[PDB]
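The block underneath contains the structure these notes are about, expressed in structure tokens.
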Amino acid sequence: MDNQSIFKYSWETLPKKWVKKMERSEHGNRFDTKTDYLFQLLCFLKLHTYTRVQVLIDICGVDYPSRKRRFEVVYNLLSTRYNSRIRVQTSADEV
Amino acid sequence: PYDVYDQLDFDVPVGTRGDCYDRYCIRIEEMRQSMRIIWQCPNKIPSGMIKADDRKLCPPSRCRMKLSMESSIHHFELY
Amino acid sequence: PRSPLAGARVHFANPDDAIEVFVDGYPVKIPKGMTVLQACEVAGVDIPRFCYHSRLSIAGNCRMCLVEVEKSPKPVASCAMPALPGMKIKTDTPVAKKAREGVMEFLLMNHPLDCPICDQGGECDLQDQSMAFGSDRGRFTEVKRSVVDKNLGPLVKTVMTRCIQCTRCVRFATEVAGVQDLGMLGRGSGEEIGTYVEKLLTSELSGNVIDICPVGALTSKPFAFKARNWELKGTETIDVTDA
Amino acid sequence: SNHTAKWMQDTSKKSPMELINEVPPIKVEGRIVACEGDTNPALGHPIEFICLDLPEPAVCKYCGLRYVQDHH
Amino acid sequence: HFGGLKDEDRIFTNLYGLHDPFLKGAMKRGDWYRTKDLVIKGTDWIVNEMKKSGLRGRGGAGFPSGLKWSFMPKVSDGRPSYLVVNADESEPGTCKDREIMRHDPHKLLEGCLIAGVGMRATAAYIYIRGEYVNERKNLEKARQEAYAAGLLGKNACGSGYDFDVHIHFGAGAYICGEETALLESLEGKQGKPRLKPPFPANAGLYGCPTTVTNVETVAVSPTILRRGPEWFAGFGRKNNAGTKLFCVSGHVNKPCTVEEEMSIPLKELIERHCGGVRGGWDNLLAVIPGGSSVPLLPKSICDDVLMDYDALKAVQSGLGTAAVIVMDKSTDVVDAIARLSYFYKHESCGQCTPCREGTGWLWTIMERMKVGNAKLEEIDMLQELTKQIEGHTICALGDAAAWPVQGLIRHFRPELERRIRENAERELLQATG
Amino acid sequence: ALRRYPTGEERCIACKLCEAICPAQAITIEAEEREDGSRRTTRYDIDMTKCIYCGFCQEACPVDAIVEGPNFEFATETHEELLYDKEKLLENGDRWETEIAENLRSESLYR
Amino acid sequence: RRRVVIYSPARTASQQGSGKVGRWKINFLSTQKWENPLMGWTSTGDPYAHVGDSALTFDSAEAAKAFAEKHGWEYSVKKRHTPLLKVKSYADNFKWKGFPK
Amino acid sequence: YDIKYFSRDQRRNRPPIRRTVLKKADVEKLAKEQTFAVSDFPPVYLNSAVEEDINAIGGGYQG
Amino acid sequence: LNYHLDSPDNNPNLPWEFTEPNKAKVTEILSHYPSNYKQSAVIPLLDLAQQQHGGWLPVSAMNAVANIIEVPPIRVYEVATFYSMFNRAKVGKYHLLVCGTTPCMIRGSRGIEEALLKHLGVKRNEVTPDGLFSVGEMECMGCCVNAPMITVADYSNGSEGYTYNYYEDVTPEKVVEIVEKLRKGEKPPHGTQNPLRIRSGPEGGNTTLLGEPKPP
Ligand SMILES: Cc1cc2nc3c(=O)[nH]c(=O)nc-3n(C[C@H](O)[C@H](O)[C@H](O)COP(=O)(O)O)c2cc1C
Ligand code: SF4
Ligand code: SF4
Ligand code: SF4
Ligand code: SF4
Ligand code: SF4
Ligand code: FES
Ligand code: FES
Ligand SMILES: [Zn+2]
């Protein structure tokens, strides 16, 4: 009920090669991506003249000691111009 | 606006050249706006209940807890 | 693709034929004469129970396991209901929810109010069942009913103020134990469970009685008030006294 | 003798058990009572309806007051 | 059709017992005429005949007795079969079966034999009520005379059919009236009911196939099976037919019990056979058509309601046992309902929790409402409790405890609200001083 | 402080609720059935330091056994004291039993 | 190094619920407690006194086994007993004894 | 006086989580059917300074 | 009443049995059921014990009947304490029970109750000493189309002479007359106290089955 606009536009114009999961909840919109393209995806944002995020709020780790990909890195970042925030959440193992 | 803040209009000052002096003046203006809000509340505060309507997310008060039965069950489980 | 509760190796005595029932939608396979409660279990949904134990006989006595089986009238006791091929079981419908709410309302109405001294507080079925399935407010003021406590030897002390008339102990003592001493006597609200000649219980498995009895009335004397359950850790071992 | 010996240390003033035995029974009139003291809140001791059909006093399981039925 | 039943069509020609003893050695006029033919005409014919007649079970349910008898196992088996007669009428206000048993017992006996044959039953137990010592003496005398005459036993009358009937003392309780609880208390254990999924047609008295029928139907069975089912269907109405004996008592000039045909206007019955109410539709306040387990019928409704299994069943109530009660304008209806609820508290044995707890609670609330010590949300709470109990018990005594208060707060809300308001005003006026 | 009834009879009944809700786990409590029959606490101690003063105590108690009296002047010179003893000194909180009582009355209304 | 035991905690013998069965969990069989002489509290010296059954809850025996093997400490998996499911009948409750001998 | 906990506890009365997978076929289909517009790209959340006084609001009093 | 024996002065477990004619009657009663299921006979047998001890039913009697039907005594205890017609409190030589329920209340029963209680010193399930007269209350006993009733149970000569008879169409003066006639005299003819009405029906001319029956 908050930022369907930015999220929808970002998903419908992205290079769909590097998106592994999308969740448009009401708690927070999630782009679960692959750890290989993370920098590419984030550099797409912060630069595109509609979904420019320009501010990174948090980079938190979550630990799940029961899955093959043990860790979970999470980037919470908002768009001060378009009044929206998204959460790009990548997987990550030991080393 | 997470909470009642709509009905509580205020000012939100903004500085023109970001530095120590402008952050300071911002702080004083924020004090004054907070005073505006602190007065707007005790003029609108709607005397009613507080904190819940389900004794499954908020514990029951003392009289009910010590008189009724299921209130004691819920207080026990909730604490 | 739905594993039974806890894992439960069904038998299939005649594996050539076995009925199938719809539990809350998706179907499940069931042996010939299995009850609705075990069918729901196989489907993987627990149903609140007080007076049904997998090792004692059935008795539709607590009246808390109610579900609605479409193609039938309004209420149905899950246990003691032999499954039929194709009946449309349903567990989470407003009918069943309100049935459970009302029954829990009646129990907690004429229950005592001494949880913070009654051990099994933190383990009690009635407690957890109320917190998870029952309402949140009671509407009752008048005086309750209270009975005198009872002694059953130095193993099982009872504060019978909270004997909710389940007959679990009676059915156990008459089926598994072997000695017929406990019995439910009285009528209406004035119904107690107790040997009528203040005798003791000269049999083993009385500790099993105190485990059977869900609400905290029959409790081990030598473990009177030493600890709640949430305080101590359990290690799974074997026995060396017996053989 | 043993419980008060485990917790109390002074053994000069009387232990709680001694005082609650010093208080006499109540000798109520009916068949069922309820123990709180004199207030519903601010004195705790939730409602503890206790029967009185034995020739000996009946304790209250909070603040044992030992109510007793008066007549036959 | 309408009401008014001629003298020749009546069946219980003994309901008062002056020139007509029990033993029928002086009055074998009616019964035991040719039961030999009626039993050698096969059981399937008997079931067909009953289904054709329309004998809606006169116990308080109204099941079509034809189906109820056809439910018994047709093909033979090992374990024998039992019929049990439910002579335990103790619903407050019914005084018919007492007279049947005390004065015309051979009716019940011959009906027991013919129904046992019609059900492929091997034996049959009549469960008398407890405090009927003299009626039980008379019935047992009759049964001994029936055995002595050779009309009930190994070679029943002339048929090879073996049949043993046995009386059983009553206890004193009322829950024993229920089917499964009757079977239980006849076993020997406490009088508590069973669970229905093992219907008492494949797991009954001793685990054998055993059905329970009220004394009404099994006592009417011989004459309906002899005088042809058309003579029976020519009464009452289309789907409700037969002759039933009502026991009208309460606030009439002449408290009575008489037999009429179904679908008879209450006005006609009361004003014709019983004495007219002290004021004919003038000071008559409430009417309870069925037993004490049936919601009320206010004055405006019962002026033109028929008396059958459907008319008042369509209105709100149920005919049940057909023990109509009348209550004048000078009797606190809420007090009468409170007393009924106290009875239900004092009778629910208490196997499963809803009935037990809710019935104690209903009595308490009804007392507080009788004095006037409640509010309006409390009457809505009363309705809610009623609904919960009615829904979710083991068998029909929960509905019994729920129905009268439901009907009360359905058809009598204004006067109850008036009581509450007056108590509140008096309390305020007294507290001001 | 641990209050007690006007009859001199102790209030605490060993529910373990205060110990369970303690966010600092600063309470240790160990009970046993007494000789006369009632249940009471054999050991009850609050190592006052580890007991940050949050308040949950006086809210979890179903009999108002433990309470926080309005005394803040206790500044001993040895850690062991601030490890308030096995209920003994806690019982001596009854030296405030009048003062504490006052507070409770004024909070019976809205609490 | 430490020997660990991988089991599934069985259902509590007091309730009749099921939300806590079938949940593979590793315990470090650490028991080296003693009584603190001052007050009587239970001291300890094992860093793994409680973690194994306070935070480490695994989804399946496979995952817990792989995890123990990964951290290196040697393990010994235990068995999980499951309730056999018979068939019951209220009629079997109301069975019928035979004729007199 | 009308306690009814499910209707009050719309909590735990939430819809289930709905999932879908996509392949190259669906990706191509959506890419083709999709088409932007001169408007409604997103909206913009614009706000600027005003250089307001201090004594204005309510004669500089009310708040 | 209570649900636990308290073993009074001389009724804990004294030896208790039947007489010889009562033994014969016990055989006769036990001869009406399949031998595998004799538990049923618990209901009549219990009653017989009453008529042998003055409406008493002592605990030794429950044990004796439980032994005579081969059942653990707790089942016989259950049977004897669940029903209502069995008393365990040594009521007097004569028991007077008054009915109460709406169709029998609204005819004026409370008057009978109050007057019978005032004429003596008893308190509603109490024993008038010189231990003749116990009085108590019961629920609807059927026949509530006739009148406010009063039932009397007579335990005088034991198994013989015991008689449990009604008394209908009563008024407090008739009741006090009946109770004093029970004390001084022996037996008042039971029935309906000058029935200007016909039993279980109207008064005078019965409005059904007027002249004669006839086999259909
Ligand atoms: C609370 C309650 C009271 C009952 N009272 C009686 C009764 O007085 N007489 C009776 O024959 N059956 C009684 N029953 C049993 C039912 O009326 C049962 O349907 C009946 O015995 C068999 O119906 P039928 O013979 O009319 O077909 C009672 C059942 C319940 C639940
Ligand atoms: S058993 Fe004890 S702790 Fe549980 S709800 Fe019943 S009274 Fe409370
Ligand atoms: S106290 Fe125990 S035996 Fe009694 S009804 Fe409750 S659970 Fe059953
Ligand atoms: S009121 Fe209902 S649940 Fe109770 S004893 Fe009767 S049939 Fe059973
Ligand atoms: S909650 Fe109250 S009485 Fe209960 S254990 Fe704690 S202080 Fe003691
Ligand atoms: S005041 Fe808080 S920190 Fe101290 S023990 Fe009590 S509940 Fe915990
Ligand atoms: S468990 Fe089915 S009724 Fe008690
Ligand atoms: S009401 Fe007294 S006899 Fe039925
Ligand atoms: Zn107390």
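Every number here is computed from the coordinates shown, using simple stated rules; none is lab data. Positions of Cβ are backbone-derived with ideal geometry, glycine not excepted, and every protein chain shown enters the neighbour counts.
Residue by residue through the stretch E:76-81, which ³J(HN,Hα) values in whole Hz follow from phi under the Karplus form 6.51 cos²θ - 1.76 cosθ + 1.60 (θ = phi - 60°), with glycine and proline marked x?
Values, residue by residue: 5, 7, x, 2, x, 10 Hz.
Let me confirm one metric for peptide C:45-51, namely the mean number of other chain beta-carbon atoms within 10 Å of its residues' beta-carbons. Walk me through the intermediate numbers first.
Values: counts 1, 4, 0, 2, 2, 2, 3.
For this peptide, the per-residue mean of nearby foreign Cβ atoms is 2.
Got a sec? Charge dipole of the stretch A:2-95, +1 on Cβ for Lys and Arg, -1 for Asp and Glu; which of A:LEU56, A:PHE44, A:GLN89 is way out at the positive end?
Of the candidates, A:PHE44 comes out farthest on the positive side.
To the nearest 20 debye, what charge dipole does chain E have about its Cα centre, counting +1 at the Cβ of each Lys and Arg and -1 at the Cβ of each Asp and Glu? Don't skip to the answer; put the middle values down first.
Details: 55 positive and 55 negative charges, 180 e Å.
The calculation lands at about 860 debye.
Compare the Cα positions of E:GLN144, E:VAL117, E:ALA156 along the charge dipole of chain E (+1 at Cβ of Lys, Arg; -1 at Cβ of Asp, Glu; about the Cα centre) and return the one farthest towards the positive end.
E:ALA156
So which of E:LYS28/E:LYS137; E:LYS6/E:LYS313; E:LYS345/E:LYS375; B:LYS66/D:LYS61 end up more than 18 Å apart by C-alpha? If you can, show how the numbers build up before the last one.
On the way: E:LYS28/E:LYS137 20 Å; E:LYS6/E:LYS313 26 Å; E:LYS345/E:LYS375 23 Å; B:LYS66/D:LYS61 15 Å.
With Cα atoms farther than 18 Å apart: E:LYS28/E:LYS137; E:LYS6/E:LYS313; E:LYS345/E:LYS375.
Kirkwood-based Rg over Rh for the stretch E:311-433 (C-alpha set), two decimals? Write down the numbers at each step before the final one.
Values: Rg = 15.5 Å, Rh = 15.4 Å.
Result: Rg/Rh = 1.01.
Treating cross-link reach as a plain straight distance, find the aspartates and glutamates whose alpha-carbon is under 15 Å from the alpha-carbon of G:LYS70, omitting any fewer than eight places away in the same chain.
Within reach: A:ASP93, A:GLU94, G:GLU62.
Non-local amide H neighbours of G:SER60 (under 5 Å, H modeled in plane, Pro and chain starts lacking H): which ones?
Counting only residues 5 or more places away or on other chains, the set is G:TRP24.
Taking the number of other C-beta atoms within 10 Å as the exposure measure, put H:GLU33, B:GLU29, E:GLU216 in order starting with the fewest.
Values: H:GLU33 7, B:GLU29 16, E:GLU216 28.
Taking fewest neighbouring Cβ atoms as first place, the list is H:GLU33, B:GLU29, E:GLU216.
Select from C:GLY122, C:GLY216, C:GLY138 the residue whose mean-square fluctuation is largest in a Gaussian network model of chain C (Cα-Cα springs shorter than 10 Å).
Residue with maximal mean-square fluctuation among C:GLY122, C:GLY216, C:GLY138: C:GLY138.
With θ taken as phi - 60° and the coefficients 6.51, -1.76 and 1.60, list the Karplus ³J(HN,Hα) couplings across the stretch E:274-285 in order, rounded to whole Hz; mark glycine and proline as x.
With coefficients 6.51, -1.76 and 1.60, one gets 4, x, x, 4, 2, x, x, 6, 10, 10, 6, 9 Hz.
Where nothing but the Cβ of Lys and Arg (+1) and of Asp and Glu (-1) is charged, how large is the charge dipole of chain A around its Cα centre, in debye to the nearest 20? Each step should come with its number before you reach the end.
Details: 17 positive and 11 negative charges, 60 e Å.
Computed charge dipole of chain A: roughly 280 debye.
Too long at a 20 Å Cα-Cα cut-off: which of A:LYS34/H:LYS24; E:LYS299/E:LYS329; A:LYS21/A:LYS68; D:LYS6/F:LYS50; E:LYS192/H:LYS4; A:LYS17/H:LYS29? Kindly include the intermediate steps, with their values, before the conclusion.
Working: A:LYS34/H:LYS24 18 Å; E:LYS299/E:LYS329 10 Å; A:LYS21/A:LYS68 18 Å; D:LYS6/F:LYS50 24 Å; E:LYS192/H:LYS4 32 Å; A:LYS17/H:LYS29 15 Å.
Correct reply: D:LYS6/F:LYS50; E:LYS192/H:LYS4.
Across peptide D:36-43, what mean number of C-beta atoms from other chains lies inside 10 Å of a residue's C-beta? Kindly include the intermediate steps, with their values, before the conclusion.
Working: counts 2, 3, 1, 2, 5, 14, 12, 8.
That average works out to 6.
Where does the charge balance sit around E:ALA156 when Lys and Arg score +1, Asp and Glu -1, over other residues with C-beta under 15 Å from its C-beta? Please list the in-between numbers first.
Numbers: positive: E:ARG34, E:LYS36, E:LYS41, E:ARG120, E:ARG143, E:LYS154; negative: E:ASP31, E:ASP37, E:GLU110, E:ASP162, E:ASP164.
That works out to +1.
Going highest first, how would you order C:180-191, E:245-256, G:87-98 by mean Cβ packing within 10 Å? Display every interim value, and only then the final one.
Working: C:180-191: 19.8, E:245-256: 22.7, G:87-98: 16.2.
Packing proxy ranking, top to bottom: E:245-256, C:180-191, G:87-98.
Long-range amide H contacts for E:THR210: which residues qualify at under 5 Å (H placed 1.01 Å from N, peptide plane, sequence gap of 5 or more or a different chain)?
E:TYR82, E:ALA201, E:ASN202, E:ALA203, E:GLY204, E:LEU205
Towards the positive end of the charge dipole of the stretch I:1-94, with charges on Cβ (+1 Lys, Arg; -1 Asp, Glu), say which of I:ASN11, I:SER60, I:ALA49 has the farthest Cα.
The Cα lying farthest towards the positive end belongs to I:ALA49.
Across chain F, where is the longest run that never hits chymotrypsin sites (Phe, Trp or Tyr not before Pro) in a DSSP loop with at most 11 other C-beta atoms within 10 Å?
Values: sites that count: F:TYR53, F:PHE72, F:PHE74, F:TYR110.
In short, F:1-52.
Go ahead and set up a Gaussian network model of chain E, Cα springs under 10 Å, then flag whichever of E:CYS176, E:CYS157, E:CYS355 fluctuates most.
Looking only at E:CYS176, E:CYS157, E:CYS355, the largest GNM fluctuation is found for E:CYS157.
Is there a pair in G:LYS20/G:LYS79; C:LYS74/G:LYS86; E:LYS68/G:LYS97; E:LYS24/I:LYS23 whose C-alpha atoms are over 22 Å apart, and which pairs would that be?
Numbers: G:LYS20/G:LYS79 17 Å; C:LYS74/G:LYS86 28 Å; E:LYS68/G:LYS97 26 Å; E:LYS24/I:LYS23 33 Å.
Cα-Cα > 22 Å for C:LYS74/G:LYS86; E:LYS68/G:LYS97; E:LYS24/I:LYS23; rest within.
Reachable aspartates and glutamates from I:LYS214, Cα under 14 Å, same-chain residues fewer than 8 places away excluded?
E:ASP7, E:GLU8, E:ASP9, E:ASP20, E:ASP31
Please give the charge dipole size of the stretch E:26-181, origin at the Cα centre, charges +1 on K and R Cβ atoms and -1 on D and E Cβ atoms. Round to the nearest 20 debye. Walk me through the numbers before you get to the answer.
Details: 23 positive and 20 negative charges, 93 e Å.
Using only the charged Cβ atoms, the result is roughly 440 debye.
Just B:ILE38, B:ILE26, B:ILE50 to compare: in a GNM of chain B, with alpha carbon springs under 10 Å, which one fluctuates most?
Highest fluctuation of the listed residues: B:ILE50.
As a footprinting exposure proxy, order E:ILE389, F:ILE52, I:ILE150 by other Cβ within 10 Å, with the fewest listed first.
On the way: E:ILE389 28, F:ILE52 11, I:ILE150 22.
Final ranking by Cβ density, sparse to dense: F:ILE52, I:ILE150, E:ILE389.
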